[PDB]
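Everything on this sheet refers to the single structure shown next.
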Amino acid sequence: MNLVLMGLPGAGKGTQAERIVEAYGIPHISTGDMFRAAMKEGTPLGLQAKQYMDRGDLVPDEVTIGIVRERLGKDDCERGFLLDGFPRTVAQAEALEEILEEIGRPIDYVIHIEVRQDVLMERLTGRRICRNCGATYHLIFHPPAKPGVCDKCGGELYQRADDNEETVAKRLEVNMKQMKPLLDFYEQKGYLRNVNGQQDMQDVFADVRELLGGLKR
Ligand SMILES: Nc1ncnc2c1ncn2[C@@H]1O[C@H](COP(=O)(O)OP(=O)(O)OP(=O)(O)OP(=O)(O)OP(=O)(O)OC[C@H]2O[C@@H](n3cnc4c(N)ncnc43)[C@H](O)[C@@H]2O)[C@@H](O)[C@H]1O
Ligand SMILES: [Mg+2]
Ligand SMILES: [Zn+2]
């Protein structure tokens, strides 16, 4: 299963990714994760990226496409993969089509997790993620068993620097602007599918699973 998740910041892409990866054992490729790792490690790309992320802006396309091209070629992606929050622009999506054509791993479905903007500030400011394994929690909607401790590795949870009210408002604007063109791109391709992301996380996952059920695992 060769999959893309798309959706606004806070829509639940990571939360569903965790469940898809657990159930199907495919690699999770998250450009935000990659950029945050590089930033933590202090690499030149991480430091460049940090500037955009801190503002809530997108990292430029070509560097982003580069890291994805490199990632997607690995042997662990032979039996499927899950792209989470890439592509984010039409240019990214056009480059991805070429990339997948070259290695013979074309997309099965793009899954649009649809959430209205007026619930996303509360989703993002109460988001808490594990420092070690990146497991996602929410202080209201999905708290850990023990406060501040990841249920999966027992790591400490933290608040992403970009999940602050001002940067959230920028991220929503910047990504909303990219959405209609990117949705139209894939709608024209024919394999865009929508999932209502304003349901309990389990019900959202049920809808995702039922869509994936036509694919080989
Ligand atoms: N391709 C690209 N090109 C250019 N730049 C790029 C790029 N990719 C990354 N970047 C750069 O990197 C930055 C960060 O990218 P990124 O890390 O991808 O952050 P984002 O794009 O801001 O998306 P999030 O990861 O913010 O949201 P999500 O949809 O995963 O939601 P979650 O499941 O966590 O859920 C949110 C919260 O709500 C909760 N929740 C989840 N589902 C539900 C539900 N059904 N009900 C209630 N609460 C829920 C969760 O527990 C959690 O607390 C970008 O801003 C940009 O600078
Ligand atoms: Mg994410
Ligand atoms: Zn953890």
Side-chain angles (χ1 to χ4, degrees), residues 1-7 10-38 40-41 64-88 92-93 95-115 127-138 141-142 144-145 149-157 160 186 189 191-197 199-217:
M1 70 182 62
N2 294 346
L3 300 173
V4 169
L5 306 182
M6 70 179 279
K13 299 180 299 298
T15 289
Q16 299 303 313
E18 292 175 21
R19 288 154 181 65
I20 296 160
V21 164
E22 183 169 52
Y24 312 126
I26 64 200
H28 185 190
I29 309 164
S30 166
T31 30
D33 295 351
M34 300 164 82
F35 282 135
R36 287 184 296 279
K40 186 180 179 310
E41 174 178 317
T64 302
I65 293 161
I67 64 177
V68 169
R69 181 185 289 106
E70 293 315 286
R71 180 69 187 84
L72 277 167
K74 307 292 200 179
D75 290 347
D76 67 346
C77 293
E78 167 81 353
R79 284 195 233 204
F81 57 83
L82 182 60
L83 281 164
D84 166 2
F86 179 98
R88 299 285 259 273
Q92 293 181 18
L96 177 68
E97 184 171 38
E98 296 200 41
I99 289 162
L100 295 180
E101 167 70 5
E102 188 171 344
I103 65 190
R105 305 176 172 170
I107 290 171
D108 286 309
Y109 294 99
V110 174
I111 307 160
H112 170 211
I113 302 177
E114 189 164 11
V115 178
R127 178 161 62 184
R128 299 293 182 281
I129 69 168
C130 178
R131 277 182 196 288
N132 301 117
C133 78
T136 301
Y137 301 90
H138 193 283
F141 303 121
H142 188 67
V149 183
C150 173
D151 297 339
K152 304 292 221 293
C153 70
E156 165 174 87
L157 309 186
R160 283 167 52 165
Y186 283 128
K189 302 292 182 180
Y191 51 73
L192 179 67
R193 294 292 183 276
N194 301 305
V195 168
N196 173 14
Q199 316 181 65
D200 283 351
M201 310 191 155
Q202 292 274 46
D203 293 321
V204 176
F205 187 55
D207 289 0
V208 167
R209 279 205 310 280
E210 292 188 321
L211 173 67
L212 299 185
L215 309 177
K216 200 175 32 176
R217 298 157 193 191

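Each residue takes its place number in the sequence, starting with 1.
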Let me see the working for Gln92 and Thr64 under side chain to side chain contact (heavy atoms under 4.5 Å, CB included), right down to the final yes or no. CA-CA 8 Å; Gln92 293 181 18; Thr64 302; 4.0 Å; yes
Atom pair CG (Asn196) and NE2 (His112), whose distance is rounded to the nearest 0.5 Å: 10.5 Å
Would you say the side chain of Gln199 lies within less than 4.5 Å of the side chain of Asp207, judging by non-hydrogen atoms? yes
Hits for side-chain hydrogen bond (donor to acceptor under 3.5 Å, both in side chains) against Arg193, two or more places apart or cross-chain, chain-then-number order -> none
Does the pair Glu97/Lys189 count as a salt bridge with the N-to-O cut at 4.0 Å? yes
For residues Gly155 and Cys130, report the shortest heavy-atom separation together with the two atoms involved. CA-SG, 4.0 Å
Check: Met201 main-chain N/O paired with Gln16 side-chain donor or acceptor under 3.5 Å: yes
At what distance, to the nearest 0.5 angstrom, does CZ of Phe86 lie from CZ of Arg71? 13.5 Å
Nearest heavy-atom neighbours spanning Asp108 and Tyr191: O-CB, 3.4 Å
Which atoms form the tightest heavy-atom contact between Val4 and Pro87, and what is the distance? CG1-CD, 3.9 Å
Separation of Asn194 CG from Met6 CE (nearest 0.5 Å): 9.0 Å
Which atom pair, heavy atoms only, marks the closest approach of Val149 to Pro144? O-CB, 3.2 Å
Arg105 and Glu78: CA distance, side-chain angles, deciding distance, side chain to side chain contact (heavy atoms under 4.5 Å, CB included) verdict: CA-CA 8 Å; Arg105 305 176 172 170; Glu78 167 81 353; 2.9 Å; yes
Donor-acceptor contact below 3.5 Å, side chain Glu18 vs main chain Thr136: yes
Within a radius of less than 6.0 Å around OH of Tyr137, do more than 12 heavy atoms belonging to other residues, nucleotides or ligands occur? yes
So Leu215 and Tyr24, do their side chains get closer than 4.5 Å, heavy atoms only? no
Can you list everything that forms a side-chain hydrogen bond (donor to acceptor under 3.5 Å, both in side chains) with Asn132? Sequence neighbours excluded, please. none
One should read off an interatomic distance between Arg19 CZ and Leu82 CG, to the nearest 0.5 angstrom, of 13.0 Å
Looking at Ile29 and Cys77, what are the two nearest heavy atoms and their distance? CD1-SG, 3.9 Å
Check whether any side-chain heavy atom of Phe205 lies under 4.5 Å from a side-chain heavy atom of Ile20, and answer yes or no. yes
Please assess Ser30 against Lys13 for the test side chain to side chain contact (heavy atoms under 4.5 Å, CB included), listing each intermediate value before the final yes or no. CA-CA 10 Å; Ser30 166; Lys13 299 180 299 298; over 6 Å; no
With no hydrogens and no angle check, is any side-chain donor or acceptor of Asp84 less than 3.5 Å from a backbone partner on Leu5? no
Which residue in the set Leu96, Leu100, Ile99 passes side-chain contact (heavy atoms from CB on, under 4.5 Å) when paired with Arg69? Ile99
Would you sort out whether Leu72 and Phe81 count as a side chain to side chain contact (heavy atoms under 4.5 Å, CB included), showing the intermediate values? CA-CA 8 Å; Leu72 277 167; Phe81 57 83; 3.7 Å; yes
How many angstroms lie between atom OG1 of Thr15 and atom NE2 of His138, to the nearest 0.5 angstrom? 10.0 Å
What I'd like to find out is whether the side chain of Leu212 reaches to under 4.5 Å of the side chain of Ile111, using heavy atoms alone. yes
Determine the minimum heavy-atom distance between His28 and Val21, stating which atoms define it. CB-CG2, 3.7 Å
